[PDB]
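Okay, so here's the structure we're looking at.
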2 protein chains.
Amino acid sequence: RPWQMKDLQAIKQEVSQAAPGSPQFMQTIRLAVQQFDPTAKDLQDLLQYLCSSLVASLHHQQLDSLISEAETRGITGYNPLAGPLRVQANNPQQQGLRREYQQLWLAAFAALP
Amino acid sequence: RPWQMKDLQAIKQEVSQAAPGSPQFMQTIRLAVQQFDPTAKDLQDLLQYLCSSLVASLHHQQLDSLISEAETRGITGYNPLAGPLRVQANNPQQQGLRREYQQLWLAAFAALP
């Protein structure tokens, strides 16, 4: 049950005025992420739709650092012998990795301003 | 029939002008809750969506007060040998607990001012 075009259109329109990482944007994006239960691929699509290449790159770097610390510590469900967290989160049998990816994503995007 | 994006986006759209505790806010919240019969999970999602973190924290203080009072006084179907009302309202076969939690939710929201 992935999102459709209308959901993305509404998500972008409702937060057109606000700035990335504002409390309003964080509210709406967090609700979307917690409601649709998407993988990393869909999150990348959503970010490309919402913010430009500059904000995309900044979030990419911040999320790289956050994932770096998180999975360098060691995580309950992460096994580094199978692939990067971006790929484990895309397997529907690793929901723990998917939820960790979602939370790192939202925190990284919130850490912009 | 848990609410999708469209329902919650509407709810926030018409709960934007008014402030928590005002007649309109409570009217809309009570209608939504009485219609969709949401558990504690969906209720917390809706609250995080609507208002700032300060109002959510205030509401949760009031809700903890109400729930503690009710558990001391006694609930019709509350059995504390499995988990708090907080966790007993997530089980779909405990309608009484869920409706009690919804009513305490609405009361705590109405008593903010």
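Chains: A, B, ... in order of the structure tokens. Residues: from 1 per chain. Ligands: from 1, in order shown.
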Just need chain A moved onto chain B: least-squares over all Cα atoms matched in order, then output as a compact mmCIF listing (two decimals) with N, CA and C atoms, in the first residue's frame.
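Everything below was put into superposed_3.txt:
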# COMPACT_ATOMS: atom_id res chain seq x y z
N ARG A 1 -10.42 -0.07 9.26
CA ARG A 1 -10.74 1.14 8.51
C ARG A 1 -10.17 2.38 9.20
N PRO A 2 -8.85 2.41 9.41
CA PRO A 2 -8.24 3.60 10.01
C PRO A 2 -8.27 4.77 9.04
N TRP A 3 -8.18 5.98 9.59
CA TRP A 3 -8.18 7.17 8.77
C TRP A 3 -7.03 7.13 7.77
N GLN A 4 -7.11 7.99 6.76
CA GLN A 4 -6.07 8.14 5.76
C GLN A 4 -5.53 9.56 5.81
N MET A 5 -4.60 9.86 4.90
CA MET A 5 -3.96 11.17 4.91
C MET A 5 -4.97 12.29 4.69
N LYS A 6 -5.93 12.07 3.79
CA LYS A 6 -6.90 13.13 3.48
C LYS A 6 -7.75 13.48 4.69
N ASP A 7 -8.17 12.48 5.46
CA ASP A 7 -8.98 12.76 6.65
C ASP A 7 -8.21 13.62 7.64
N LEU A 8 -6.95 13.27 7.89
CA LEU A 8 -6.14 14.05 8.82
C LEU A 8 -5.91 15.46 8.29
N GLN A 9 -5.66 15.59 6.99
CA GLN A 9 -5.46 16.91 6.41
C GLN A 9 -6.70 17.78 6.58
N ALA A 10 -7.87 17.21 6.32
CA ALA A 10 -9.11 17.96 6.50
C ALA A 10 -9.32 18.33 7.97
N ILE A 11 -9.07 17.39 8.88
CA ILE A 11 -9.27 17.66 10.30
C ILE A 11 -8.38 18.82 10.74
N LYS A 12 -7.11 18.81 10.32
CA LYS A 12 -6.22 19.89 10.72
C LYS A 12 -6.60 21.21 10.06
N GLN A 13 -6.92 21.19 8.77
CA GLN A 13 -7.22 22.43 8.06
C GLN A 13 -8.48 23.10 8.60
N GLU A 14 -9.53 22.32 8.87
CA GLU A 14 -10.79 22.92 9.30
C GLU A 14 -10.64 23.66 10.62
N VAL A 15 -9.67 23.27 11.44
CA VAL A 15 -9.53 23.83 12.78
C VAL A 15 -8.16 24.49 12.92
N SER A 16 -7.62 25.00 11.81
CA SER A 16 -6.33 25.67 11.88
C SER A 16 -6.41 26.94 12.72
N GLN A 17 -7.46 27.74 12.52
CA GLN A 17 -7.56 29.03 13.19
C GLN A 17 -7.86 28.88 14.67
N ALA A 18 -8.80 28.00 15.02
CA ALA A 18 -9.24 27.87 16.40
C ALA A 18 -8.07 27.45 17.29
N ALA A 19 -8.28 27.53 18.59
CA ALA A 19 -7.28 27.21 19.59
C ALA A 19 -7.59 25.86 20.20
N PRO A 20 -6.58 25.14 20.70
CA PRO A 20 -6.85 23.84 21.32
C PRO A 20 -7.87 23.97 22.43
N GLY A 21 -8.84 23.06 22.44
CA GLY A 21 -9.87 23.07 23.45
C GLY A 21 -11.01 24.03 23.21
N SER A 22 -10.99 24.79 22.11
CA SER A 22 -12.12 25.65 21.80
C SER A 22 -13.32 24.77 21.43
N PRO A 23 -14.55 25.30 21.55
CA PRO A 23 -15.71 24.47 21.19
C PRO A 23 -15.65 23.90 19.79
N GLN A 24 -15.12 24.66 18.82
CA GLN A 24 -15.01 24.16 17.46
C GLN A 24 -14.04 22.98 17.38
N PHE A 25 -12.84 23.16 17.95
CA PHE A 25 -11.87 22.08 17.95
C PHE A 25 -12.43 20.86 18.67
N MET A 26 -13.13 21.08 19.79
CA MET A 26 -13.68 19.95 20.52
C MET A 26 -14.72 19.23 19.69
N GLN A 27 -15.58 19.98 19.00
CA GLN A 27 -16.57 19.36 18.12
C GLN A 27 -15.90 18.46 17.09
N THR A 28 -14.93 19.01 16.36
CA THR A 28 -14.34 18.25 15.26
C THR A 28 -13.55 17.05 15.76
N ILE A 29 -12.74 17.24 16.81
CA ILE A 29 -11.93 16.14 17.32
C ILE A 29 -12.82 15.06 17.92
N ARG A 30 -13.88 15.44 18.63
CA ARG A 30 -14.79 14.45 19.18
C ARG A 30 -15.47 13.67 18.06
N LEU A 31 -15.89 14.36 17.00
CA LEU A 31 -16.50 13.64 15.89
C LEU A 31 -15.52 12.65 15.27
N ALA A 32 -14.27 13.07 15.06
CA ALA A 32 -13.28 12.16 14.48
C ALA A 32 -13.08 10.94 15.37
N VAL A 33 -12.91 11.16 16.67
CA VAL A 33 -12.63 10.06 17.58
C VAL A 33 -13.81 9.10 17.63
N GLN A 34 -15.03 9.64 17.68
CA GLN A 34 -16.21 8.78 17.73
C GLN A 34 -16.51 8.10 16.41
N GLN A 35 -16.01 8.63 15.29
CA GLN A 35 -16.29 8.07 13.97
C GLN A 35 -15.29 7.00 13.55
N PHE A 36 -13.99 7.26 13.70
CA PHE A 36 -13.00 6.32 13.21
C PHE A 36 -12.73 5.17 14.17
N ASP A 37 -13.03 5.33 15.46
CA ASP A 37 -12.81 4.29 16.46
C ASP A 37 -11.34 3.91 16.51
N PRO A 38 -10.45 4.83 16.85
CA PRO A 38 -9.02 4.53 16.85
C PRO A 38 -8.53 4.07 18.22
N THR A 39 -7.35 3.46 18.23
CA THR A 39 -6.71 3.02 19.45
C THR A 39 -5.85 4.16 20.00
N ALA A 40 -5.01 3.85 20.99
CA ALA A 40 -4.14 4.89 21.55
C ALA A 40 -3.06 5.31 20.57
N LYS A 41 -2.52 4.36 19.80
CA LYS A 41 -1.44 4.67 18.87
C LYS A 41 -1.87 5.72 17.85
N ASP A 42 -3.05 5.53 17.26
CA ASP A 42 -3.52 6.47 16.26
C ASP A 42 -3.83 7.82 16.89
N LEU A 43 -4.33 7.82 18.13
CA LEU A 43 -4.57 9.08 18.82
C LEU A 43 -3.27 9.84 19.05
N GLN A 44 -2.21 9.14 19.44
CA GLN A 44 -0.91 9.79 19.60
C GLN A 44 -0.43 10.37 18.27
N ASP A 45 -0.58 9.62 17.18
CA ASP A 45 -0.22 10.16 15.87
C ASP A 45 -1.00 11.44 15.58
N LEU A 46 -2.30 11.42 15.83
CA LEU A 46 -3.13 12.58 15.55
C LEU A 46 -2.69 13.79 16.37
N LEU A 47 -2.41 13.58 17.65
CA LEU A 47 -1.97 14.69 18.49
C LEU A 47 -0.64 15.25 18.02
N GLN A 48 0.30 14.37 17.65
CA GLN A 48 1.57 14.86 17.12
C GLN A 48 1.35 15.70 15.88
N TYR A 49 0.45 15.27 14.99
CA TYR A 49 0.17 16.06 13.80
C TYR A 49 -0.42 17.42 14.15
N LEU A 50 -1.34 17.46 15.12
CA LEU A 50 -2.15 18.66 15.30
C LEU A 50 -1.39 19.74 16.07
N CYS A 51 -0.99 19.45 17.31
CA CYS A 51 -0.40 20.45 18.18
C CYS A 51 1.08 20.16 18.42
N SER A 52 1.79 21.19 18.87
CA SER A 52 3.24 21.13 19.00
C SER A 52 3.63 20.25 20.18
N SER A 53 4.93 20.20 20.46
CA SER A 53 5.43 19.38 21.56
C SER A 53 4.98 19.92 22.91
N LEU A 54 4.80 21.23 23.03
CA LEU A 54 4.36 21.80 24.30
C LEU A 54 2.94 21.36 24.64
N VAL A 55 2.02 21.53 23.68
CA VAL A 55 0.64 21.11 23.91
C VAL A 55 0.58 19.60 24.06
N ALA A 56 1.42 18.88 23.32
CA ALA A 56 1.48 17.43 23.47
C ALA A 56 1.87 17.05 24.89
N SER A 57 2.88 17.72 25.45
CA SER A 57 3.31 17.40 26.81
C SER A 57 2.24 17.74 27.83
N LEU A 58 1.59 18.90 27.68
CA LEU A 58 0.54 19.27 28.63
C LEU A 58 -0.61 18.27 28.59
N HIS A 59 -1.05 17.89 27.39
CA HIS A 59 -2.08 16.87 27.29
C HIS A 59 -1.61 15.55 27.86
N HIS A 60 -0.33 15.21 27.66
CA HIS A 60 0.19 13.96 28.20
C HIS A 60 0.07 13.94 29.71
N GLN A 61 0.46 15.04 30.36
CA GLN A 61 0.37 15.10 31.82
C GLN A 61 -1.08 15.03 32.29
N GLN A 62 -1.96 15.81 31.65
CA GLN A 62 -3.36 15.81 32.07
C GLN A 62 -3.98 14.44 31.89
N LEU A 63 -3.71 13.78 30.76
CA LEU A 63 -4.25 12.45 30.54
C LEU A 63 -3.65 11.44 31.50
N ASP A 64 -2.38 11.61 31.87
CA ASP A 64 -1.82 10.72 32.88
C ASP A 64 -2.59 10.84 34.18
N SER A 65 -2.90 12.07 34.60
CA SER A 65 -3.68 12.24 35.82
C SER A 65 -5.08 11.65 35.69
N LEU A 66 -5.74 11.88 34.55
CA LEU A 66 -7.11 11.38 34.38
C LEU A 66 -7.15 9.86 34.36
N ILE A 67 -6.27 9.24 33.57
CA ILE A 67 -6.17 7.79 33.58
C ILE A 67 -5.82 7.30 34.97
N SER A 68 -4.97 8.06 35.67
CA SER A 68 -4.58 7.67 37.02
C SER A 68 -5.80 7.51 37.91
N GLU A 69 -6.62 8.56 37.99
CA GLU A 69 -7.81 8.47 38.83
C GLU A 69 -8.75 7.38 38.33
N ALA A 70 -8.99 7.34 37.02
CA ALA A 70 -9.99 6.43 36.47
C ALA A 70 -9.65 4.98 36.79
N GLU A 71 -8.43 4.55 36.49
CA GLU A 71 -8.10 3.15 36.69
C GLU A 71 -7.58 2.86 38.09
N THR A 72 -7.32 3.89 38.92
CA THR A 72 -7.10 3.63 40.34
C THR A 72 -8.42 3.36 41.05
N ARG A 73 -9.50 4.02 40.61
CA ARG A 73 -10.82 3.69 41.14
C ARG A 73 -11.13 2.22 40.89
N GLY A 74 -10.82 1.72 39.70
CA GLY A 74 -11.20 0.38 39.30
C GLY A 74 -12.26 0.52 38.22
N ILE A 75 -12.03 -0.16 37.10
CA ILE A 75 -12.91 -0.07 35.95
C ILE A 75 -13.38 -1.48 35.59
N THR A 76 -14.56 -1.55 34.96
CA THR A 76 -15.19 -2.84 34.70
C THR A 76 -14.29 -3.75 33.89
N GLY A 77 -13.69 -3.23 32.82
CA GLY A 77 -12.90 -4.04 31.91
C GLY A 77 -11.41 -4.01 32.13
N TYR A 78 -10.91 -3.22 33.08
CA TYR A 78 -9.47 -3.07 33.29
C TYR A 78 -8.98 -4.16 34.23
N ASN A 79 -7.99 -4.93 33.79
CA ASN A 79 -7.32 -5.89 34.64
C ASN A 79 -5.85 -5.51 34.76
N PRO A 80 -5.38 -5.00 35.91
CA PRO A 80 -4.03 -4.41 35.96
C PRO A 80 -2.90 -5.42 35.84
N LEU A 81 -3.18 -6.71 35.77
CA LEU A 81 -2.13 -7.72 35.71
C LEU A 81 -1.63 -7.97 34.29
N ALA A 82 -2.18 -7.29 33.29
CA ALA A 82 -1.82 -7.53 31.90
C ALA A 82 -1.02 -6.41 31.25
N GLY A 83 -1.16 -5.17 31.73
CA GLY A 83 -0.42 -4.07 31.17
C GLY A 83 -1.12 -2.74 31.36
N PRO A 84 -0.43 -1.65 31.04
CA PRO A 84 -1.03 -0.33 31.21
C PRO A 84 -2.19 -0.12 30.25
N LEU A 85 -3.09 0.79 30.65
CA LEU A 85 -4.26 1.06 29.83
C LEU A 85 -3.88 1.44 28.41
N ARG A 86 -2.72 2.07 28.22
CA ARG A 86 -2.24 2.40 26.89
C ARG A 86 -2.02 1.16 26.03
N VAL A 87 -1.76 0.01 26.63
CA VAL A 87 -1.52 -1.22 25.89
C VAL A 87 -2.79 -2.04 25.73
N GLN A 88 -3.64 -2.08 26.77
CA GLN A 88 -4.92 -2.75 26.62
C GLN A 88 -5.78 -2.06 25.56
N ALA A 89 -5.75 -0.73 25.51
CA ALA A 89 -6.52 -0.02 24.50
C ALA A 89 -6.05 -0.33 23.09
N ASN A 90 -4.84 -0.86 22.94
CA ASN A 90 -4.31 -1.22 21.63
C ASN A 90 -4.63 -2.65 21.22
N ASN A 91 -5.33 -3.41 22.07
CA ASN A 91 -5.78 -4.74 21.70
C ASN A 91 -7.22 -4.67 21.21
N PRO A 92 -7.51 -5.06 19.96
CA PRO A 92 -8.87 -4.84 19.42
C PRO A 92 -9.96 -5.64 20.10
N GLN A 93 -9.65 -6.45 21.12
CA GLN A 93 -10.65 -7.22 21.84
C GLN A 93 -11.00 -6.61 23.20
N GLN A 94 -10.71 -5.33 23.39
CA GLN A 94 -10.92 -4.64 24.66
C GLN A 94 -11.60 -3.30 24.42
N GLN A 95 -12.67 -3.32 23.63
CA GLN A 95 -13.29 -2.09 23.17
C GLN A 95 -13.69 -1.18 24.33
N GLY A 96 -14.02 -1.74 25.48
CA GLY A 96 -14.34 -0.90 26.63
C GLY A 96 -13.16 -0.04 27.04
N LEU A 97 -11.97 -0.63 27.09
CA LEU A 97 -10.77 0.15 27.38
C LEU A 97 -10.53 1.18 26.30
N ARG A 98 -10.80 0.83 25.04
CA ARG A 98 -10.58 1.77 23.95
C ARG A 98 -11.49 2.99 24.08
N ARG A 99 -12.77 2.76 24.39
CA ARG A 99 -13.69 3.87 24.54
C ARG A 99 -13.35 4.71 25.77
N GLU A 100 -12.96 4.07 26.87
CA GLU A 100 -12.53 4.85 28.03
C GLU A 100 -11.30 5.68 27.69
N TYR A 101 -10.35 5.11 26.96
CA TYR A 101 -9.17 5.87 26.57
C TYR A 101 -9.56 7.06 25.70
N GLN A 102 -10.47 6.86 24.75
CA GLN A 102 -10.89 7.96 23.90
C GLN A 102 -11.51 9.08 24.72
N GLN A 103 -12.37 8.73 25.68
CA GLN A 103 -13.05 9.77 26.46
C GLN A 103 -12.08 10.50 27.39
N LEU A 104 -11.18 9.77 28.04
CA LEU A 104 -10.15 10.43 28.84
C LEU A 104 -9.31 11.35 27.97
N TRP A 105 -8.94 10.89 26.77
CA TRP A 105 -8.16 11.70 25.85
C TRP A 105 -8.87 13.02 25.54
N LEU A 106 -10.13 12.94 25.11
CA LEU A 106 -10.82 14.15 24.70
C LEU A 106 -11.04 15.09 25.87
N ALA A 107 -11.40 14.56 27.04
CA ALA A 107 -11.58 15.41 28.21
C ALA A 107 -10.27 16.10 28.58
N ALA A 108 -9.17 15.35 28.59
CA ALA A 108 -7.88 15.93 28.93
C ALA A 108 -7.52 17.04 27.96
N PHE A 109 -7.77 16.82 26.67
CA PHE A 109 -7.38 17.82 25.68
C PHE A 109 -8.28 19.05 25.81
N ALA A 110 -9.54 18.85 26.22
CA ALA A 110 -10.45 19.95 26.46
C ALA A 110 -10.10 20.75 27.70
N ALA A 111 -9.43 20.14 28.67
CA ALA A 111 -9.11 20.81 29.93
C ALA A 111 -7.91 21.75 29.83
N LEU A 112 -7.39 22.00 28.62
CA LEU A 112 -6.19 22.84 28.51
C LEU A 112 -6.48 24.29 28.84
N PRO A 113 -7.31 25.02 28.08
CA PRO A 113 -7.49 26.45 28.37
C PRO A 113 -8.22 26.69 29.70
DSSP helix (DSSP H, G or I) residues within chain A, listed as a VMD selection string: chain A and resid 5 to 14 23 to 36 40 to 50 53 to 73 85 to 88 95 to 110
